[PDB]
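Chains as they are written, first to last, in the deposited numbering: chain C, 525 to 611; chain B, 525 to 611; chain A, 323 to 785; chain E, 323 to 785; chain D, 612 to 698.
The next block holds one structure in the form of structure tokens; read it before the comments.
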Amino acid sequence: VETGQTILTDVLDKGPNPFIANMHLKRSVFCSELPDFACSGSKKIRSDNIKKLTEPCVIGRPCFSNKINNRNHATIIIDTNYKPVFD
Amino acid sequence: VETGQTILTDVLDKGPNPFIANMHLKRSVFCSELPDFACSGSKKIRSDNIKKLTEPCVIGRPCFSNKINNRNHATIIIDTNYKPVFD
Amino acid sequence: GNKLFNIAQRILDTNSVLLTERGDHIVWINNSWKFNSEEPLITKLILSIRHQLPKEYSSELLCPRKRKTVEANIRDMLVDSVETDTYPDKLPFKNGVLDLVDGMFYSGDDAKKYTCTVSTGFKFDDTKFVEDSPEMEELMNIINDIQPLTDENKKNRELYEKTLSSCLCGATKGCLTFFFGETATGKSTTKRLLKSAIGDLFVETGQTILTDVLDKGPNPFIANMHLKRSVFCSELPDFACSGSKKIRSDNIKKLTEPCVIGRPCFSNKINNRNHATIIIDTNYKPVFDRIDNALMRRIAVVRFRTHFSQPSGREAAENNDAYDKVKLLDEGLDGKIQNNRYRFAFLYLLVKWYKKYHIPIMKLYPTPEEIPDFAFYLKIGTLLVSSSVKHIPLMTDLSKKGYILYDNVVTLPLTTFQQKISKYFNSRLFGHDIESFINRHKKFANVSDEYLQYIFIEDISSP
Amino acid sequence: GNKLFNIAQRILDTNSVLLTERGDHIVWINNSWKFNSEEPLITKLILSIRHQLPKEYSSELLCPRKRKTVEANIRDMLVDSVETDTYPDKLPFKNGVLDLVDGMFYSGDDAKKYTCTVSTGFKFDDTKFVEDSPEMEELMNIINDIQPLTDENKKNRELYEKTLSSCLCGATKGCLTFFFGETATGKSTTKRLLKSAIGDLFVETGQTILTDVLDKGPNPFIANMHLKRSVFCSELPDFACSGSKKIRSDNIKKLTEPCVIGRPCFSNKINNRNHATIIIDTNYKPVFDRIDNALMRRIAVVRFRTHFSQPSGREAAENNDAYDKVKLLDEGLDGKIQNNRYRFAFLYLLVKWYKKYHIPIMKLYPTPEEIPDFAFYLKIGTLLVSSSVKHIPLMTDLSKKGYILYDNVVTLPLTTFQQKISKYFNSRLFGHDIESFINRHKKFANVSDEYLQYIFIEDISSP
Amino acid sequence: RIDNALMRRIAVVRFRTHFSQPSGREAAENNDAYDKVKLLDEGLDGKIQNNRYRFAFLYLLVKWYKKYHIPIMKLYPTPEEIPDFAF
DNA sequence: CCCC
């Protein structure tokens, strides 16, 4: 699965979040194209999100549905050209 | 198809974005009326976005829809009256 | 006349469907009260119950249309509402309800009387609920290692037993207990043991419960506390080191009130039941942004003074006063715990402690004397007291003390107040709390000259 | 012709279904006006009422299809709206309605004539609604202890009695009353006793209704009193010790209107019909950040001067500044009030109180004379009086006191005004208030000559 | 902000009559704000809430309407009665 | 649900 930058710097709960509800039982996750943080204007990845991603479940709901628990079988691999920076 | 310039200066994933879900299988995408960055006060072109618009699948979902992945057949042409600047 | 109405009447007489104040119907299929918002289970109940009806009624329930008609009749028959999870003396398992005050285990219709919705998540086995087993002996040895049985540790051991036993009762608890300890002292062993003991009824919460706004916006960390019987806070980001927000007294007050303010995600409701025992783990002395009489009435502490450290750094845990006792670390204990070996032994120990402390009313009690933070405010109650019946016919003696009488109210200059207060306690060791109190409880007779409507116990005691 | 239309006509002629102005239906099942927006109860009413209809109409109402047809007819027959909870002299109970004007208990149709959609939450016991019992002995003993019947307390007894009587009226009260007095003056005992006596119509709030913004966003704390009858805020954030948030004037302006603007969570009912008299429990005299003529018409004060304490600190309780009475604390008092022994006794006492105060209309009269906040503002209503064309034939005499005549208008210099005001209210003792009044209530004839038109009484009498 | 456009949609009506209690009669009678001071009526609010004057005030308003029901009814501004327009 |  190729997902978005949201699963790193954005709130995971929010509203309905198909960008996380599709990672249910997926054995690899590739969120490529890191927004290089060397230039000011790139949000730093929250360590809370890093901690949450390792937990064996995530919070996310699809539209017109009520299933909020998605299993986390994913090997999170992030493509980048620059060193990531956390808050 | 003729899309806006949210695909060149704003984050693609975010929430719902029908400006980038409308280039699914379009063979030519035209971006005109560059917000000339010769005057300060306008968003610059994100190299992240340029690199994102070349990979074979562009992230982004429409309103009320759970489809995140779109196929990228587009030849992106950017019309501009002046030379552009990259962050 | 109207066979389907008689079928609905019988299914109603069996008492297998109830209506709750939420508007939802809780049904009894497969020996448990279930309910589902997006899919009612009344038709499942009808199909399952078709066996107990007379022979001529069982054939009418093989048609989905007829079962829908029966469900409509049943819905129109239920008017009065009922209450769920109202017995705090009962522990709901996956196949029954355990009685703490008696010890017996009920199954089926014997567990049907108590409308228990939550469950521990595992079955109950009578074989392992025994006091003679090498799991029992190993667990007793581990618990003795965690908490010494010395005369000095009597109060600490007793309150630890009470706090751990109070994780079973499903009612509101009026105190927040501090499991004060240090790394490799065995609080994690207790956490794993209690989680293994009470299954799905144990939830661990982070720092956001303590020093963050509970309401704010979205906060699933509070809604999860619904009907859980134990809440654990660990890995505390020390408030002694600057840079971390202080403990919010209003948060503790809200978490002690029988109703908890907090909302889930994608939910229209705000109220969730609170049965949770809240135990806070800390390696560090706590602090509070504001301290009020209501606050230290809801605080109790437990101290762990036993170490399990590797022999390399033994003197590192042996050559100071902060931590008192050092034992040897055990490595396979975590694996044995995760294998749920001593789950039922710990359950038996918890029920035994509850029976020992099941005096007609269960209630936790606060011991604020063991927190140096309150040691300035629990002593000022022995220093400063408010206005009472009659100081008026004794103004002759307080005038020489520096007090002045203003509109029949005895006031004190700030300099004289400091002079009178500096005698009992040092101006440097407690000086920060001293000027904090000075700026907290100063009353303005004017902007320049400040007066205080308080008289010391010293001045009351000394003629 | 059309049996189902005849059934619908009869069910309408029983007067059991009504249409509300909000677009919903209120049905009369189990002796109460219930209504649900997410599940109409018309079919429940039809099924439950099938007994009163004739014999041949009874069996027709056992099919959900025909019940839905009758419900459709009933929905088509209801055109006009009705008003709910329009009677302020009624007390609604679970098993009936009590008439405050008359005193007779109603049931059935008698309680049906008034569409009360709220209840106290408990059944009414007429066997205990009598003026003689040992619970009643303890009741008026405690009542007399809280408020003495002495001559010096006659006005206080009357006004306190009015305040306690007015919490059953189902109409908007335009004033807020303060339960002035020290700690443990019987405020908490009477508060919990009234809560027991009234039931669900009593609601307690914190201080956010006074020290925080009411409207803000979503707040049940401004919406939980929908059709409530009494609100008590206890232990205000004492204004003696500086550092507490002050009472907002805009919030009080919001609270005192017939229609309280404010919306609940996910509800658009911004017209909050208040039937409650907001009673304020305080320890010191009130302070308002902003004072104008709007306050004095909505402020009243109730004073209590009692105390309860253990005999260990009996001498300490009898030897300090500003109580008037000290009694003995009761540890079982909380349980005694919880077990609801004085409910109907104080219900009888309150019905006598209301009846003796039931002169044709319920009115509440503020008492501004007890408010130190107006002591400077009422003084400009008695001492500082402006100057205008009424002083036209006054050129000579007033110019000698320090005043001047300017275009037939008498003024006062700013330095002279400061010196003269320091004689009444010291320029430092009440310096902040003096500065606020100076920058709030000063008139300008020009930029330079900024002089207050206010004239002292002493100079006018002098020729 | 004040501009010429705002000055063609603004008019004011001023009240110069105070009802003051007998305790504060001297201040109001001697106040430059009030050109005339009268007494209070406590039951006036009660009889108003009783809707006693409802139809009488309706008649008064309709009579004023008829007095001003000339074929065109248009509100006219009074720009001379505001201080921000004085400059 | 989007949308604020």
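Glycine included, every Cβ here is placed at the ideal spot set by N, Cα and C.
Spatial neighbours of residue i within its chain, please: C-beta separation below 6 Å, excluding the five flanking residues on both sides.
i	result
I602(A)	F500, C555
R372(A)	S380, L383
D646(E)	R627
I613(E)	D695, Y699
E526(E)	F554
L326(A)	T391, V392
State the DSSP-derived secondary structure class of residue i, mapped to helix, strand or coil.
i	result
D781(E)	helix
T530(C)	helix
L363(E)	coil
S631(A)	strand
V623(D)	coil
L340(A)	strand
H713(E)	helix
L326(E)	helix
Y664(A)	coil
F524(E)	strand
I756(A)	helix
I351(A)	coil
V535(C)	coil
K742(A)	helix
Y773(A)	strand
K764(E)	coil
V648(E)	coil
Please tell me whether residue i has its Cβ less than 7 Å away from any Cβ of chain B.
i	result
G528(C)	yes
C587(C)	yes
Short of 8 Å in beta carbon distance, which residues of its chain neighbour residue i, apart from the five on each side in sequence? Order them along the chain.
i	result
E453(A)	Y670
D473(E)	none
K509(E)	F501, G503, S556, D603, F626
Do we get a CB-CB distance below 7 Å when we pair residue i with the residues of chain C?
i	result
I544(B)	no
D534(B)	no
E557(A)	no
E360(A)	yes
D611(B)	yes
So, for residue i: in the same chain, excluding its five sequence neighbours on each side, which residues have a beta-carbon less than 7 Å away from its beta-carbon?
i	result
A545(C)	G584, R585, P586, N594
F427(E)	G418, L420, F446, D448
Measuring only between beta-carbons, confirm whether residue i sits less than 7 Å from chain E.
i	result
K765(A)	yes
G654(D)	no
Can you find a CB in chain A that lies within less than 7 Å of the CB of residue i?
i	result
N573(C)	no
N590(C)	yes
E640(E)	yes
Would residue i count as contacting chain D if we go by Cβ distances under 7 Å?
i	result
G703(E)	yes
Quick check on the DSSP output: what are the complete alpha helix (DSSP H) runs of length 4 or more inside the region 371-431 of chain A, in order along the chain?
377-380, 386-399
Enumerate, from N- to C-terminal direction, the unbroken alpha helix (DSSP H) stretches of 4 or more residues contained entirely within the region 425-506 of chain E.
431-434, 456-468, 476-487
May I have a chain-ordered list of the alpha helix (DSSP H) segments no shorter than 4 residues that lie completely inside the region 542-609 of chain B?
571-576
With three or more beta-carbon pairs closer than 8 Å as the criterion, would you say the region 513-530 of chain E touches the region 436-447 of chain E?
yes
Using a Cβ distance threshold of 8 Å, determine whether the region 333-345 of chain A contacts the region 389-405 of chain E, with at least three qualifying pairs required.
no
Within the region 684-739 of chain A, ranges of the beta strand (DSSP E) (whole runs, at least 3 residues)
726-728, 731-733
Mind the definition here: the region 638-655 of chain E touches the region 553-569 of chain E only if three or more C-beta pairs lie below 8 Å; say whether that holds.
In short, these stretches do not touch, since the Cβ pair count stays below three.
Is it a yes or a no for the region 698-715 of chain E touching the region 482-496 of chain E, going by three-plus beta-carbon pairs under 8 Å?
no
The region 747-754 of chain E / the region 730-737 of chain E touching (three or more Cβ pairs under 8 Å):
no
Kindly confirm or deny that the region 770-783 of chain E and the region 713-723 of chain E touch, where touching means at least three C-beta pairs closer than 8 Å.
yes
So does the region 423-439 of chain A actually touch the region 343-359 of chain A, counting three or more Cβ pairs closer than 8 Å?
Yes, the region 423-439 of chain A is in contact with the region 343-359 of chain A.
Any contact between the region 531-546 of chain E and the region 684-695 of chain E? By contact I mean 3 or more CB pairs, one from each, below 8 Å.
Judged by Cβ distances under 8 Å, the region 531-546 of chain E makes no contact with the region 684-695 of chain E, as fewer than three pairs qualify.
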